[PDB]
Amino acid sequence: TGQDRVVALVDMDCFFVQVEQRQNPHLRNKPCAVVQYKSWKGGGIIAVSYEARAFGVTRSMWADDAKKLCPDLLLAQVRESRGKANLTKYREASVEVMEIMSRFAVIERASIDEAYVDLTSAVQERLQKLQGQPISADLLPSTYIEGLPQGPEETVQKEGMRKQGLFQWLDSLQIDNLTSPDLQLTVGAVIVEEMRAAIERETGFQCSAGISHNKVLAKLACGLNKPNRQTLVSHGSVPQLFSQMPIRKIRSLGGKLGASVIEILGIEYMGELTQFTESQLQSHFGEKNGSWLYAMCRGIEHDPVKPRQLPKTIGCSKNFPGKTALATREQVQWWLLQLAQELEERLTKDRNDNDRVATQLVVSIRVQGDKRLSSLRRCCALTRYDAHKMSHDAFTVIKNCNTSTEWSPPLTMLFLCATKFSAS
């Protein structure tokens, strides 16, 4: 079936922008982006409001270039600490949202601004409490039903379409059977409406949600009606939805694997995957992937929503690209120390707030003219949350790397990460 569970995916809209907009009222309802490291081309853009997007502004764009596209664009700068970007403000805002969501159901923190929710149980409970009662259209004020309306002047308006689709969906719904997968999705959507309302009221942040039977579909659904809307993707909408759906849009298919599927199989849409047998797919892409693709193109995925609200690892890194690369011993030690200081500050907060300690410290370095993203990876024991010792240990482990009071080759990157957390 693949209609066994109810899963939702919630994602904040232009999250960093919202954080800056809440803190500054002036940036509200204006085109704006968030940038870091202004010196170079005005800084790199990592977050763009929807007002700015209408002008074509995107992340990974230089602020100066963005200005050319959008003359009145307002910019917000990431806090800078110890010579590197500090994402503390956004991490704290993130916790706020996660905490509200946690109240409604067990969630999986997928990223800083999105979380997966398994509502299977909550939906069942709700059904019992409102048992025998129809679902009013009023309960789903921002819900879109994928694939509707269908068949037969309101439609010209976006809102008109949404209302008509929802009416058709609700009208079709049979209150009589609790078991119906579609009914459970509708109830789950009501819960997500309530959850989204709570988030907006308590944090002031707007967000979008996708409600479906699995995480991949939920994610896909979420992206359909951004921003400030939630989309319900039923099992039945999948054939029509997937039929013109590019392969790269499915989660985890945006990279090389997706490209292999397209290149090898000679298809461009998700639906086209249905013709191939499971065995064929497994032979081309492996047993695990083959199984996943065969099931996925039919709208079925079984990956569980992990009950995890905390990051497994905590790391900080800095790039020194091109000329800026560190060529001296003293430089490497100084930067290692800076990294260690931020790490210690985050670690202490983690120990006090989450009551756990990290057992392993990981050091990563890159050198000039290296094809590999990570030039080297090393780990050492992390006995105490002390910056001086941590930097010294990292240096001790990577001291052997230098080929030549000078360092050679110069280092493109420094990376420290704390891992292997244990209860304390």
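For clarity, a rigid core is taken as the largest C-alpha set superposing within 1.5 Å between two forms. Sequential numbering from 1, following the sequence displayed.
Taking the root mean square of CA deviations in 8 other deposited structures of this protein after fitting on the rigid core, 231-239 and 166-174 differ, and the farther of the two is 166-174. Comparing 330-338 with 176-184 by root mean square Cα distance to the shown form in 8 other deposited structures of this protein, with the rigid core used for the fit, gives 176-184 as the more displaced stretch. For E153, the record comparison shows coordinates absent in at least a third of the other entries of this protein that model its neighbours.
Unmodelled deposited residues between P152 and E153: 1 to 3, per the record.
Per the record, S404 and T405 are separated by 1 to 3 deposited residues that have no coordinates. Between 237-245 and 172-180, it is 172-180 that carries the larger average Cα temperature factor according to the deposited entry.
Checked against the record, the higher mean CA B factor of 395-403 and 356-364 lies with 395-403. The top Cα temperature factor in the record, among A137, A197, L119, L185, falls on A137. The top Cα temperature factor in the record, among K67, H388, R53, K30, falls on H388. Among all modelled residues in this chain, the alpha-carbon of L411 has a temperature factor (C-alpha) in the highest third. Annotation for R201: CA B-factor lies in the middle third of the chain's modelled residues. Sort the chain's modelled residues by C-alpha temperature factor and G132 lands in the highest third, per the entry.
Ranked against the other modelled residues of its chain, the C-alpha B-factor of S283 as given in the entry falls in the middle third. Ranked against the other modelled residues of its chain, the C-alpha B-factor of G165 as given in the entry falls in the middle third.
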